[PDB]
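As structure tokens, the structure follows; a few thoughts come after it.
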RNA sequence: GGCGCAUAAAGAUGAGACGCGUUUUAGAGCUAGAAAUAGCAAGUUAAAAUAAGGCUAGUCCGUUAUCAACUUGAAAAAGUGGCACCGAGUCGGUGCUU
DNA sequence: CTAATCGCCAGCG
DNA sequence: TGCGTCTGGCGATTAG
DNA sequence: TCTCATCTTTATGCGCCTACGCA
């Protein structure tokens, strides 16, 4: 018999149904293997399948990059120690040894506990002399005496370990340090350059803690937005720039100094308007420098050389003095809340700030009403209102510090002490290279083959220190392979790489493809005609070689005086402007300035290589090294202006698809047929589908399992899981029907890929004409159709009752698609929409991910603390807790339960965590007997992943969730009249239909009132049978019996809220009217060792029962 | 249904870097008493680790995706379960057949 | 001398 | 013969 | 939090290409 399959896809659910021709659902009995006595089970062919949602890979990329950064930081400190070791060995031998075991407790140390100086009096003398590290940095920068070697190492290691960002470009110095002098200098040189209308006329006018747009508004309004001065102000502040109509150039190009391509961009935009304006943009960049050094560096730059250390010690001394002032004020005026502020670690006072765990914002919010309701707090409220009160040094807002500040302080320290230590003067540039070096973003991970993310290549066989980096890795080939490993292959000749977007061949192809299918009508012509090859040649040689953006008005105005000799010409086929344009031709004509050289056909490859070289590389020395092979072709100024050009973009076709293959009947190419065709003017995607030329056979002569094709699809990783489960389910239930392929596959992006993969997987036979025999038929539907079919005949759906709605919607879209294709049945539909047996299957899975929670808890006496290293005991060092279990094992053996080591055959669960599962899979009996068990049964070990299944007495079903945890497994089968009554009573206000029909429905709801009591009886019987949660059941029945006088709609909403008591899955909480009923959690797995484990198939039709009472 | 060009929004994938946060230790607490405790001074910083670890020993890799049971296999993979009819509280019964 | 139950918590800009 | 497509772990507490 | 590179999809405008039921 014929049969059809219907599906309904989601991101957490797949619903499947099998119908015959008369819209029924075939029941069938199945063979059950195992150890019990049930050997046949009658089941219906309708069901669903549930799984948790898939995850993307963004959460695991950041951890990988963080691991790489921590490894490289440790290696930086190792390089510095390897430098200082030989000179440190003469003054204090075990200094690095004391520095590297500082974490251990006093028992586990092997030296003195004071790491820096060894003894105790030198340690307290050092800590009284320098209260922070910044006092030491200012003392080493400013003074001129020979300091101790350990203090120099400590300062250098502190400024290498934390070294600021690299977002600024070029170089800078803190010599400016003034927002007023630079602004006056910029106004002076603007009045020197432009003298027709000068600037109308500092520190706090541009250094406010507000938005950049409002800062630009109050800075420009006090003295327009389309002005050159205003846009230069927005460029210096860092806002969105524009240079379209102010400079009046020929190309609308912005200029943001924060981005990468700015210096060559400024050098290109300089000569486009004049040899002037150089010192103007230099002063604008210097103002953009000095505004960034304002809000982070507030100190007199003439008093001290190192400004950051001075700013830090200013903040520290300010904190100290207003701490003493606040202590005196709170002790005097309000002597009752003193212990709450300066002693209590629980609240958000000062003790919660420093010693507790409070932030700055919560501390200021707590201390605001205390500081307001007092007397004598005038400056403190101002400092709190500008958020500079009681501040720390290492804060959350030091992300603005550039690396040049630490570089300048390091250079000053190395310049000051180099006379007393010779090897410091010998190795200054080595340590400066240690600080300043970073791996470029196109080289990548410096592997040696065993990575799967690396692409770099080497030129030698040695180790890559930061000093010999440029003489080991080839940077040109690595920077080429960084791009070339990601670009698309051609979708017609899959052994060829695509062209750059701005190559001249690609632009010729697009302009001839757009050109050759346009039509024109003159005054007196009969029919619209195409253009000849001479006409297209005149279009290319005259128009497109001068102006890029061509409107149709320019095309009409050119030839009507020029060559057309006709004024009543309408050009049909083009909407008011073109799309393709020879932009690279125009740019190289502005650069190279020789039209006859670009017109020569013998220079095609030698220029397309230049376009490829300008598309790939970004570093200027690489482009110079790869354009040095063209030195005897142009002038010096041409090569000087040539490497400033930069392009980005990759097209869709290869060079072989436009100039490589040949039509063997005629000997011409595709591009030649675009240029000169004949009296057809055919184009691309018409010249390869025609059977005249040989291009169809050539593209056909240039040509994967299920998982590889699923991974070859494009989308979020949730829908890949969804369509893979869909394909597995439909193949399984094709197999279960005697291996007869179905007739119709009705489905409901999700659909647009599964339709193609199902049509490719089902139909495989060919006819005598080598045509695809449509043995099946894949039909796709829209959701509004099944929604209208649900809502017009009162087939109402309530989402919160159970999980049968997936399978019921699958069956419903199946029957409406089959009845639509084909054209007392409603009795059959209402009969099968109340079947009490649907195969719901939660997909079991082995859990994986992180090892535990990431919070590092402090020490306590308990033994649920996972150690953080090998030799760090958790009772003395803290550690993580709450690990995640991968799967459980069912073990049965003897354990030493007795003072005389008495044996006792026990049987229990055991959670294997994610951290130790490899050691369990390697040697199971040795690890399991090191756990504490003895004399185990080597064959009776059963794996149990998350979401297993267990059948109990009277139909009780529980799903395993952890070592000790269970979840509800059964599903409530409510009759259809109660579902219709609940949907109608829930939607009492929103009618959405006919008003007289709504009045009849309201009279129906008013006629049926005891259905609430019947539903309460139903769910109380169900919860007394399978849930065993009598306390919360008592609470909800008392809450129903109390407020049993409400309106019908509010009562219906409160009833359909409380179905979270009985539905499948994890327990949750709910609220009836005001009483909130907490979730009840089953935390015992003692009963589960006397039940029947069910090994269930993918659709749940094949089963394998296992009686666990017969084991052990 | 699928391509090419033009404009726009959204998202994915892969590198390179900053700043915090957390845990132990070091920053000698004083005074009155026999303590239990009380008043008192303080406080801003640093070292180390940041998934346990692995061998292929790299300035590399370690949280993504795939996964019911049983039988072959190193693996990709392959194979393993009768059909109608009457009914329905999580599926039951009858007949034919092996 | 052990099992249920209540309440809290979970790396980020 | 042409036409549109949050839920599990953990401590404190209580029940026994 | 910041810099960089390559892809996909969705929506309008402009050219066409081909399977397949229905007018």
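For region A:896-904, check the following and say yes or no: at least one residue is within 16 Å of DNA strand C (Cβ to nearest atom), within 30 Å of residue A:102 (Cβ to Cβ) and surrounded by 13 or more Cβ atoms within 10 Å (Cβ to Cβ).
No; the residues of region A:896-904 include none that is within 16 Å of DNA strand C (Cβ to nearest atom), within 30 Å of residue A:102 (Cβ to Cβ) and surrounded by 13 or more Cβ atoms within 10 Å (Cβ to Cβ).
Cβ contacts < 7 Å: first residue within 19 Å of residue A:166 (Cβ to Cβ), restricted to region A:253-275; second residue away from DNA strand D (no atom under 16 Å from the Cβ) and not in a loop (DSSP other than H, G, I, E, B), any location; separation 6+ or different chain. Result?
Within 7 Å, the pairs are A:257/A:235; A:257/A:285; A:257/A:288.
Residue by residue through region A:367-392, note down the ones that are over 26 Å from residue A:295 (Cα atoms) and surrounded by 12 or more Cβ atoms within 10 Å (Cβ to Cβ). Give the derivation first.
Of the residues in region A:367-392, the ones over 26 Å from residue A:295 (Cα atoms) are A:369-376.
Correct list: A:370, A:371, A:374.
In this structure, is residue A:35 under 40 Å from the mean Cα position of the chain (by Cα) and surrounded by fewer than 16 Cβ atoms within 10 Å (Cβ to Cβ)?
No: the conditions fail for residue A:35.
Inspect all residues belonging to region A:432-441 and state whether any of them is surrounded by 13 or more Cβ atoms within 10 Å (Cβ to Cβ), away from RNA strand B (no atom under 13 Å from the Cβ), within 30 Å of residue A:159 (Cβ to Cβ) and outside the structural domain of residue A:570 (by CATH).
Yes, that holds for at least one residue.
Name the single residue that is nearest to DNA strand D (Cβ to nearest atom) among those in region A:959-979 being more than 30 Å from residue A:913 (Cα to Cα) and crowded, with 16+ Cβ neighbours inside 10 Å.
Taking region A:959-979 as the starting set, the residues that turn out to be more than 30 Å from residue A:913 (Cα to Cα) are A:971-979.
Among the residues that remain, those that are also crowded, with 16+ Cβ neighbours inside 10 Å are: A:971-972, A:974, A:978-979.
Working: A:971: 17, A:972: 18, A:974: 22, A:978: 26, A:979: 24 Å.
Ranking the candidates gives A:971 first.
Would you mind finding the one in A:846, A:786, A:816, A:838 that is touching a helix residue (DSSP H, G or I) at 6+ places or on another chain (Cβ under 8 Å) and within 27 Å of residue A:30 (Cβ to Cβ)?
Within the list A:846, A:786, A:816, A:838, the selection yields A:838.
Has region A:1081-1094 got any residue that is within 19 Å of residue A:1036 (Cβ to Cβ) and either within 37 Å of the chain's Cα centre (by Cα) or away from DNA strand E (no atom under 16 Å from the Cβ) (or both)?
Taking every residue of region A:1081-1094 in turn, at least one turns out to be within 19 Å of residue A:1036 (Cβ to Cβ) and either within 37 Å of the chain's Cα centre (by Cα) or away from DNA strand E (no atom under 16 Å from the Cβ) (or both).
Determine, yes or no, whether residue A:639 is in contact with a helix residue (DSSP H, G or I) (Cβ under 6 Å, 6 or more places away or on another chain) and more than 16 Å from RNA strand B (Cβ to nearest atom).
Considered against the rule, which asks whether it is in contact with a helix residue (DSSP H, G or I) (Cβ under 6 Å, 6 or more places away or on another chain) and more than 16 Å from RNA strand B (Cβ to nearest atom), residue A:639 comes out as no.
Being within 39 Å of the chain's Cα centre (by Cα) and outside any loop (DSSP other than H, G, I, E, B) narrows it down to one of A:623, A:606, so name that one.
A:623
Test of understanding: among A:774, A:799, A:824, which residue is over 40 Å from the mean Cα position of the chain (by Cα), loosely packed, with under 13 Cβ neighbours inside 10 Å and more than 16 Å from DNA strand E (Cβ to nearest atom)?
Exactly one residue qualifies, and that residue is A:824.
Would you please name the residue that is farthest from RNA strand B (Cβ to nearest atom), looking only at residues in region A:1068-1080 that are in a loop (DSSP other than H, G, I, E, B) and more than 17 Å from residue A:1025 (Cα to Cα)?
This residue is A:1074.
Taking interchain pairs and intrachain pairs at least six residues apart, which have beta carbon atoms under 6 angstrom, with the first residue in region A:854-874 and under 19 Å from residue A:108 (Cα atoms) and the second more than 14 Å from DNA strand C (Cβ to nearest atom) and not in a loop (DSSP other than H, G, I, E, B)?
These pairs meet every condition: A:867/A:874.
I'm trying to understand the selection: among the residues of region A:1065-1100, which are out of contact with any helix residue (DSSP H, G or I) (no Cβ under 7 Å at 6 or more places or on another chain), buried (at least 17 other Cβ atoms within 10 Å of the Cβ) and within 20 Å of residue A:944 (Cα to Cα)?
Within region A:1065-1100, A:1082, A:1085, A:1088, A:1091, A:1092, A:1093, A:1094, A:1096, A:1100 meet the criteria.
For region A:208-234, name all the residues that are surrounded by fewer than 16 Cβ atoms within 10 Å (Cβ to Cβ), in a helix (DSSP H, G or I) and in contact with a helix residue (DSSP H, G or I) (Cβ under 7 Å, 6 or more places away or on another chain).
A:212
Looking only at region A:1059-1080, filter to residues that are under 21 Å from residue A:50 (Cβ atoms) and more than 35 Å from the chain's Cα centre (by Cα); which one of those is nearest to DNA strand E (Cβ to nearest atom)?
Among those residues, the one meeting the criterion is A:1059.
Quick one: residue A:712 ticks every box in (1) assigned by CATH to the domain that holds residue A:58; (2) within 16 Å of DNA strand D (Cβ to nearest atom) bar one, so which box is it?
(2)
Consider residue A:840 carefully, then state whether it is within 11 Å of RNA strand B (Cβ to nearest atom), within 30 Å of residue A:1054 (Cβ to Cβ) and not assigned by CATH to the domain that holds residue A:984.
Values: within 11 Å of RNA strand B (Cβ to nearest atom): yes; within 30 Å of residue A:1054 (Cβ to Cβ): yes; not assigned by CATH to the domain that holds residue A:984: yes.
So residue A:840 fits the description; yes.
Does any residue in region A:62-79 that is within 20 Å of residue A:433 (Cβ to Cβ) and in the same structural domain as residue A:156 (by CATH) come within less than 9 Å, Cβ to Cβ, of a residue that is part of a helix (DSSP H, G or I) and within 6 Å of RNA strand B (Cβ to nearest atom) six or more places away or on a different chain, and which pairs are these?
As it stands, the answer is A:73/A:161; A:76/A:161; A:77/A:157; A:77/A:161, since those pairs meet every condition given.
Go through region A:664-758 and tell me which helices (runs of 4 or more DSSP H), entirely inside it, have 3 or more residues that are closer than 30 Å to residue A:808 by Cα.
A:706-711, A:717-735
Could you list, in sequence order, all residues of region A:486-516 that are near DNA strand E (Cβ under 9 Å from one of its atoms) and exposed (fewer than 15 other Cβ atoms within 10 Å of the Cβ)?
The answer is A:486, A:487, A:488, A:491.
Test residue A:240 against the criterion of being within 18 Å of residue A:206 (Cβ to Cβ) and exposed (fewer than 15 other Cβ atoms within 10 Å of the Cβ), and give yes or no.
So residue A:240 passes the test.
Please work out which one of (1) within 35 Å of the chain's Cα centre (by Cα); (2) outside any helix (DSSP H, G or I); (3) farther than 24 Å from residue A:408 by Cβ is the condition residue A:294 fails and give its number.
Exception for residue A:294: condition (3).
The values are calculated or read from the model by the stated rules, or taken from the named source; no laboratory instrument gave them. Please note: Cβ atoms are built from the backbone with ideal geometry, for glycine as well, and neighbour counts cover all protein chains shown.
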